[PDB]
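A.B. asks: Sharing a structure, written as structure tokens. Questions coming.
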Amino acid sequence: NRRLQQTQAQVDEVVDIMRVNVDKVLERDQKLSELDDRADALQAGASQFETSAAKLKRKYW
Amino acid sequence: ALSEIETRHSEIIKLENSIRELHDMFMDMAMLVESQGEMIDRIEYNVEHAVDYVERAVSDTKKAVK
Amino acid sequence: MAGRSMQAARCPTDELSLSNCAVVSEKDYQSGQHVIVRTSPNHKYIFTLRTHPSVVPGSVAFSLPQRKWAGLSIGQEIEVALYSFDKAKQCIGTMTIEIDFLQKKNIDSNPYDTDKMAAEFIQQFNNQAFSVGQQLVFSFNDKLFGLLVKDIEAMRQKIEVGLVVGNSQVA
Amino acid sequence: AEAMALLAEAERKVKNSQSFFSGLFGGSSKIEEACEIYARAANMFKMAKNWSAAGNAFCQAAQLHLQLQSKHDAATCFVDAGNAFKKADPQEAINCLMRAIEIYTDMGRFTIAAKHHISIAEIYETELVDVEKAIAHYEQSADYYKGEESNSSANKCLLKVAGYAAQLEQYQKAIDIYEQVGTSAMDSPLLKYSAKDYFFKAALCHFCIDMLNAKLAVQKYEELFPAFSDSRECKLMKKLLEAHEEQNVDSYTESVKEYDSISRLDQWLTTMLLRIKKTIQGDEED
Amino acid sequence: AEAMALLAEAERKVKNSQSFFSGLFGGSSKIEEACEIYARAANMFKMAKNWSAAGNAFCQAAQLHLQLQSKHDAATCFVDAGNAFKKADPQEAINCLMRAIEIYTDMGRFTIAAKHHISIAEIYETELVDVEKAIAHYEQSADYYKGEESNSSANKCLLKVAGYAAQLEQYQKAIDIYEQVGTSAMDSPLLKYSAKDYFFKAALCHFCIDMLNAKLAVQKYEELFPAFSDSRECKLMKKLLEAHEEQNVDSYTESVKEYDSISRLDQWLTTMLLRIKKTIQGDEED
Amino acid sequence: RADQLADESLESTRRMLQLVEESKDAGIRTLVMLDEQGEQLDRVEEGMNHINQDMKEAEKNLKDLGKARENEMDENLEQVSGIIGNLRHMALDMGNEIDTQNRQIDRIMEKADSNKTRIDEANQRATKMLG
């Protein structure tokens, strides 16, 4: 009977951990999401700049 | 004693399923680790590429003055 | 200090009714202090105070048993003043009480261990004041009773009002 | 630092220049400065917790950005406007969000278009409570995800679709979704585990089923008795199918009580179980 | 390549040029150079483990950066300074951070404003020990997170707010927070698992309530025997509510003794359970 | 009754072992991904610094142009106990990994914005030098 209640809380001990782990995946949701979109809009404003730079090249080179 | 084998039962069933709930988390979590593992596939993609566009930007600008 | 005007009221809840303590406000007194109520130049009574943020500032609440003893009515003026006992001549050691059932439709002749009573009586009415001829209600095992001080002895001289301490023997 | 003042200057500069103002060149150079103005305004409006004001301010900055020729950072502004209205007192949100997608969609940014699309229906269901327009979005969005190779997300959306489709009565249209999301879930041994619930749902959904559509979805199922996970899916189902085919609103309602022991019934399940619970009673009483 | 050397040249560089020095032009070009200098110094200062010097060095480069008009990267430098002083021996750990947020806030950067807003409230508690000022920050920060729809972090912060609000006697103002974060958690079939603890806390927090605020919150909670996660929330609670309504400080203290076996009590719970045990004792022998 | 109380519990202990062991495998995959995903980020960090360094070079040049049943059953228990207490091992490890990357992402998001705003300034400071 001892080994029984012994294993009980031990399992629950891991359950309490998953809790924190779940709170960790939520953080990885906020970051990736917003960031992935920002860095994605980066190539947009970066590409355009590379374009205008091409003009500065054909007039100053 | 019946009071033991019985208490054991209700306790074991309250031990396995206690893992069930935990098992459910490993399920959702794993499904999320792979889910969010997609964004990273784009992050790595964008990042390096963003450096390619910027690298071409810093080059032309420098040669636009020389 | 020297005395102030107060107004008699009714006990807040049945909770502070089984304590035999005069409930007052925190803006006036503080739980633990003793006072002496006055109704005439010869009728003086002593009670134990217990604060409760429900009492109205400038008034003391008494239970039915207490009002039937000190002759207090719901809506009269009384003068209350701090009273400090002298733990050297007014300490109760042996006090005889006339226990009795409070309700009739529940009066059973079954056995009642007195030891448990004298042990619970000092555990609930400790550091309090009692007078000869005082009437109150005793809550023993959720069973309502009635007490009536017959004689009080100091730790053998007879005292009017005493202070039930920890090492007090009740009979 | 005056929002009202910024909102004014922005106006005085947001207008196609001409004459002595236009000079030799101009155009986008001014309207952009104006956008920055309204943005700063909405910023302090949200600083003072006027949100509604901040939202409408972002609406102005966004609308102006379109008048410049920059759909990208514009749509992002529409988003900001949506986050504002949402965490505000007006209801606008929905509008802004729609105006956002039309951009991300026309631009080709389907990835993000779907990223928001799901939030769209998520609001059209948690706010406006208009599932009829929510499902349409969860669906059109899942199409985009499923197109971006992103299977996982596509499935999240499908789950939303089918899940709420059964609440609306669309049972068959739900089982189809469960079947598909079930056959497209085994290709990933990292999902097999959950593939159960899918079969459980597809077999629970009944479009006034009379035969073994469910008995067939439970038979297609591969249960492994030594694979204990399945104990929360078919084993129960079979007992329910019998309690249905035998007009017994007791064996079924008893099985729901027992299963409710080894496995807690969630909102959804409950609602549907009760629906099947009455399909039996009415049949005992016909 | 010497720290002091750089600091010196930096000084000779940072100064509005005038007279013979100014010549024909100048301005930002100089002050910027100085910024890079001090940064290069702060680098080797953190090397030799001077910290104090490194931190103050970053403060120099940062403040100078503002004198050039570049709030962005400046504030970031303010962060390097804050992190320096924090993991250093002098103070300023709090000032730098406030000086960083004052920038991220007005610049229209709330995403980050809250990121360091929580770090701030974390130091103002673990260091300065100013719970009353920490809560103000944990809160306003959660407000911003809620605006970014980052429900998660919003909850993280709210949990902090309520958690310390209960230690600060603010019991009722804590349960309200648990009710909100509790209702704003059921929406996600991933927080249902966590939504328990919220109800447990809210049902434990008592603003000296005489009615059944807890006997009501325990009821609002949906439990069934087949729960095993629930066994760590209301099952205990109900037994505590009866142990409070009966002034039995033996059934409450024995139940906390048994429950302290299947699920250990953190410092928080202990402090509150103790506070409730005292509301019972201080009411019995009295 | 002791006959169906122990046996059923035995079939219950079996469910535990497999559930955790089958979930631990998913845990491995998780850690396996956490490691990889970590490298993908240590590769993103290089970009943030690279972009902030190059943009600084662009601006300068740009502005320049501007200006026996109970026995074996008990045996399984010892197994379950050893597995669960082990489930924490990874549970904790995967925790540090996350907290680590999560912190790294913070520096990325920050610099990312600084670089974004900058690239926009360059674009605006580029359409004003033409002609």
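Residue numbers (the authors' numbering), protein chains in the order written: chain K, 29 to 89; chain L, 191 to 256; chain A, 1 to 155, 169 to 184; chain G, 8 to 293; chain H, 8 to 293; chain M, 17 to 83, 141 to 204. Heads up, the beta-carbon is just placed ideally off N, CA and C, and yes, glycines get one too.
#1: Please check the pair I130 of chain H and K163 of chain H, which I expect to be a contact at CB under 8 Å, by giving their CB distance rounded to whole angstroms.
#2: Who pairs with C91 of chain A in a beta bridge, going by DSSP?
#3: Using the C-alpha atoms, what's the distance from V244 of chain L back to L71 of chain H?
#4: Could you give the distance in angstroms between the alpha-carbon of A91 of chain G and the alpha-carbon of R106 of chain G?
#5: Suppose only complete runs of 3+ residues qualify. What are the beta strand (DSSP E) ranges in the stretch 137-183 of chain H, listed by chain order?
#6: What do you get for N57 of chain H, buried or exposed, if any count of 16 or more other CB atoms within 10 angstroms of its CB means buried?
#7: Run the CB neighbour count on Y152 of chain G, radius 10 Å, all protein chains shown included, and call it buried at 16 or more, exposed below.
#8: Check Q7 of chain A in the structure and name its three-state DSSP category.
#9: Beta-carbon within less than 6 Å of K53 of chain G's beta-carbon, same chain only, minus the 5 sequence neighbours each way: which residues are those?
#10: Taking all protein chains shown into account, do 16 or more other C-beta atoms lie within 10 angstroms of the C-beta of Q36 of chain K, making it buried, or fewer, making it exposed?
#11: With a floor of 3 residues, list each beta strand (DSSP E) that falls wholly inside the stretch 148-200 of chain M, ordered by position along the chain.
#12: Where does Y266 of chain H fall in DSSP's three states?
#13: For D151 of chain A, name the three-state secondary structure that DSSP assigns.
#14: Does the Cβ-Cβ distance between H123 of chain G and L135 of chain G come in under 9 Å?
#15: Measuring alpha carbon to alpha carbon, tell me which residue in L:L192, L:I195, L:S200 is nearest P233 of chain H.
#16: Can you give me the Cβ contacts of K78 of chain H inside the same chain, cut-off strictly under 6 Å, excluding the 5 residues immediately before and after it?
#17: Tell me whether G154 of chain H is buried or exposed, calling it buried when 16 or more other Cβ atoms sit within 10 Å of its Cβ.
#18: Would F77 of chain K pass as a contact of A254 of chain L if the rule is Cβ separation under 9 Å?
#19: Which chain H residues are close to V50 of chain K, counting only those with a beta carbon under 9 Å from its beta carbon?
#20: How about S36 of chain H: is its C-beta nearer than 9 Å to some C-beta of chain K?
#21: Since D179 of chain M meets chain H, which of its residues come closer than 9 Å, beta carbon to beta carbon?
#22: Which chain G residues sit within Cβ distance under 9 Å of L35 of chain M?
#23: Can you check whether the C-beta of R116 of chain H is within less than 9 Å of a C-beta belonging to chain M?
#24: Please list the partners that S270 of chain G has in chain H, where partner means a Cβ-to-Cβ separation under 8 Å.
#25: Go through its chain and collect everything with a Cβ distance to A81 of chain G's Cβ below 7 Å, but skip five positions before and after it.
#26: With a cut-off of 8 Å, do at least 3 Cβ pairs link the stretch 260-274 of chain H to the stretch 237-250 of chain H?
#27: When the Cα atoms are used, what is the spatial distance from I216 of chain H to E156 of chain G?
#28: Starting from the beta carbon of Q58 of chain K, find every residue of chain H whose beta carbon is closer than 7 Å, and list them in chain order.
#29: Taking the alpha-carbon positions, what's the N126 of chain A to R10 of chain A distance?
#30: Give, in chain order, every residue of the stretch 215-234 of chain L whose Cβ lies closer than 7 Å to some Cβ of chain H.
#31: If you compare alpha carbons, which of G:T277, G:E176, G:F65 is closest to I142 of chain G?
#32: In its own chain, which residues sit with a C-beta less than 6 Å from the C-beta of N68 of chain M, not counting the 5 before and 5 after it?
#33: Quick one, which residues of the stretch 77-107 of chain H are near chain M if we go by CB-CB under 7 Å, in chain order?
#34: Can you pull the chain D neighbours of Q33 of chain K, defined as C-beta to C-beta under 8 Å?
#35: Please report the residue range of the alpha helix (DSSP H) in which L211 of chain G lies.
#36: Let me confirm a value: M193 of chain H is counted as buried when at least 16 other C-beta atoms fall within 10 Å, else exposed. Which label applies?
C.D. replies: In brief:
#1: Taking the first residue of the fifth sequence as 1, we reach residue 130 of chain H at position 123. Taking the first residue of the fifth sequence as 1, we reach residue 163 of chain H at position 156. At roughly 16 Å, the Cβ-Cβ gap does not stay under 8 Å, so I130 of chain H and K163 of chain H are not in contact.
#2: The residue labelled residue 91 of chain A in the question sits at position 91 within the third sequence. Note: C91 of chain A sits in a beta bridge opposite A:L176.
#3: The residue labelled residue 71 of chain H in the question sits at position 64 within the fifth sequence. The residue labelled residue 244 of chain L in the question sits at position 54 within the second sequence. Answer to the nearest angstrom: the Cα atoms are 28 Å apart.
#4: In the fourth sequence, counting from the first residue as 1, residue 91 of chain G sits at position 84. In the fourth sequence, counting from the first residue as 1, residue 106 of chain G sits at position 99. Roughly 15 Å separates the two Cα atoms.
#5: none
#6: Along the fifth sequence, one-based indexing puts residue 57 of chain H at 50. In this structure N57 of chain H is buried. Its beta-carbon is surrounded by 16 or more other beta-carbon atoms within 10 angstroms.
#7: As a working note, residue 152 of chain G is residue 145 in the fourth sequence. So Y152 of chain G ends up on the buried side.
#8: If you number the third sequence from 1, residue 7 of chain A lands on position 7. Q7 of chain A: strand per DSSP, three-state reduction.
#9: Taking the fourth sequence and counting its residues from 1, one reaches residue 53 of chain G at position 46. Answer for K53 of chain G: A61, listed in chain order.
#10: For this step, residue 36 of chain K is matched to residue 8 along the first sequence. Of the other Cβ atoms in all chains shown, 16 or more fall within 10 Å of the Cβ of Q36 of chain K; this residue is therefore buried.
#11: Positions of the beta strand (DSSP E) runs, each at least 3 residues long and wholly inside the stretch 148-200 of chain M, cannot be given because no such run exists.
#12: For the purposes of this step, residue 266 of chain H is taken as the residue at position 259 of the fifth sequence. Correct three-state label for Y266 of chain H: helix.
#13: In the third sequence, counting from the first residue as 1, residue 151 of chain A sits at position 151. Of the three classes helix, strand and coil, the one that applies to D151 of chain A here is strand, per DSSP.
#14: The residue given as residue 123 of chain G occupies position 116 in the fourth sequence. The residue given as residue 135 of chain G occupies position 128 in the fourth sequence. One thing to note: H123 of chain G has its Cβ no nearer than 9 Å to the Cβ of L135 of chain G.
#15: Within the fifth sequence, residue 233 of chain H is the residue found at index 226, counting from 1. Closest option to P233 of chain H, Cα to Cα, is L:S200.
#16: Mapped onto the fifth sequence, residue 78 of chain H falls at position 71. Answer for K78 of chain H: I110, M114, listed in chain order.
#17: Translated into positions along the fifth sequence, residue 154 of chain H becomes position 147. Looking at its Cβ environment, which holds 16 or more other Cβ atoms inside 10 Å, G154 of chain H is buried.
#18: As a first step, residue 77 of chain K is located in the first sequence; it is residue number 49 there, counting from the start. As a first step, residue 254 of chain L is located in the second sequence; it is residue number 64 there, counting from the start. Their beta carbons are not under 9 Å apart, which means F77 of chain K does not touch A254 of chain L by this criterion.
#19: As a position in the first sequence, residue 50 of chain K is number 22, starting the count at 1. Near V50 of chain K (Cβ distances below 9 Å), the residues of chain H are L197, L198, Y200, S201.
#20: Here residue 36 of chain H corresponds to residue number 29 of the fifth sequence, with the count starting at 1. Chain K, which has no Cβ nearer than 9 Å to the Cβ of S36 of chain H, makes this no.
#21: As a first step, residue 179 of chain M must be located in the sixth sequence, where it is residue number 106. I119, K122, listed in chain order.
#22: Reading the sixth sequence from its first residue, position 19 is the one you call residue 35 of chain M. Going along chain G in sequence order, the residues near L35 of chain M (Cβ under 9 Å) are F235, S236.
#23: Along the fifth sequence, one-based indexing puts residue 116 of chain H at 109. Cβ-Cβ to chain M under 9 Å: yes for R116 of chain H.
#24: The residue given as residue 270 of chain G occupies position 263 in the fourth sequence. Correct list: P233.
#25: Residue 81 of chain G sits at position 74 when you count from the first residue of the fourth sequence. Excluding sequence positions up to five before and after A81 of chain G, its CB lies within less than 7 Å of the CB of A69, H72, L73, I110, all in the same chain and listed in chain order.
#26: yes
#27: Here residue 216 of chain H refers to the residue found at position 209 when the fifth sequence is read from its first residue. Here residue 156 of chain G refers to the residue found at position 149 when the fourth sequence is read from its first residue. Computed Cα separation, rounded: 56 Å.
#28: Along the first sequence, one-based indexing puts residue 58 of chain K at 30. Chain H residues near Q58 of chain K: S157, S159, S160.
#29: To locate residue 126 of chain A, count along the third sequence from 1; it is residue 126. To locate residue 10 of chain A, count along the third sequence from 1; it is residue 10. Cα-Cα distance, rounded: 23 Å.
#30: Of all residues in the stretch 215-234 of chain L, only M215, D218 come within less than 7 Å of chain H when Cβ atoms are compared, listed by chain position.
#31: Translated into positions along the fourth sequence, residue 142 of chain G becomes position 135. Closest option to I142 of chain G, Cα to Cα, is G:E176.
#32: Walking along the sixth sequence from the start, residue 68 of chain M turns up at place 52. Around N68 of chain M: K184, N188.
#33: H79, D80, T83
#34: You won't find chain D in this structure, because its protein chains are K, L, A, G, H and M.
#35: The sequence position of residue 211 of chain G within the fourth sequence is 204, counting from 1. Where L211 of chain G is concerned, the enclosing alpha helix (DSSP H) stretches over 202-211.
#36: Position 186 of the fifth sequence, counted from the start, is the residue given in the question as residue 193 of chain H. By the neighbour-count rule (16 or more Cβ atoms within 10 Å), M193 of chain H is not buried but exposed.
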